[PDB]
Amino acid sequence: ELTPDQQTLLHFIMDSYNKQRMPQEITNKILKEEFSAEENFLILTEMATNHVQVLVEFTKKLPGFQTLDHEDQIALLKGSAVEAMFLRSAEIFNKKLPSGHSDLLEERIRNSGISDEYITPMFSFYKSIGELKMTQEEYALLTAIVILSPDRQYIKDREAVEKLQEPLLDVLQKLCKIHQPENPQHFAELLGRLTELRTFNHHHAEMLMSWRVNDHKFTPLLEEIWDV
């Protein structure tokens, strides 16, 4: 049994989460454009920039986020972005997409100048997330939880952030005992994946280092959320 407040919170979040769209201007490129590495990298750069917009729109609308210290709000976006991005792509790769999209998107990522060192962990993480057979509820809440991690670099008031995080952890723990009745592990299995998810903070840093020594260029929004 969820409380009446925890039912108000979860509606506030799945409303927030289901506005997350990738425009067709961009999805149509998966199938339409030529297959070359320059073109693949560019398709991903658009995809990234548009999603980073959508992520700041989601984060903005989290309960209590607006109340937070201004320098901390930034530390939260910058610390959480890589994780929130890889979690999203994991939802996308375990979801029914239009015909051919799953397959060709994969092929594009696989020929976009990303070393095999990092392609591998990427797709075995998507497999791993696939097996928890998650719901939109759980994607939304995990994403929300990841964003409001209080233990990122730079954060000045941890307690403030804890206070917004803990409510969401509560709702997710109670949802794991409801919709997965015969397994008390589901919730600690989820939190277990966040460890694997946290490795992409290194993989993605290398992905960029490598991209940059080959004179590739990113949008000014991506440059901001991903710098120093």
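In this text, residue numbers run from 1 along the sequence as written.
Per the PDB record, of the two stretches 53 to 61 and 172 to 180, 172 to 180 carries the greater mean B-factor over its C-alpha atoms. Averaged over their C-alpha atoms, the temperature factors of 14 to 22 and 214 to 222 are higher for 14 to 22. The residue among 73, 124, 112, 135 whose C-alpha carries the highest B-factor in the deposited model is 135. Highest CA B-factor among 188, 30, 44, 37, as stated in the entry: 188. Ranked against the other modelled residues of its chain, the C-alpha B-factor of residue 195 as given in the entry falls in the middle third. The entry lists a Cα temperature factor for residue 201 that places it in the lowest third of the chain's modelled residues.
Annotation for residue 79: CA B-factor lies in the lowest third of the chain's modelled residues. Residue 106: CA B factor in the lowest third of modelled residues in this chain (values from the PDB entry).
Split the chain's modelled residues into thirds by C-alpha temperature factor. Residue 142 is in the middle one.
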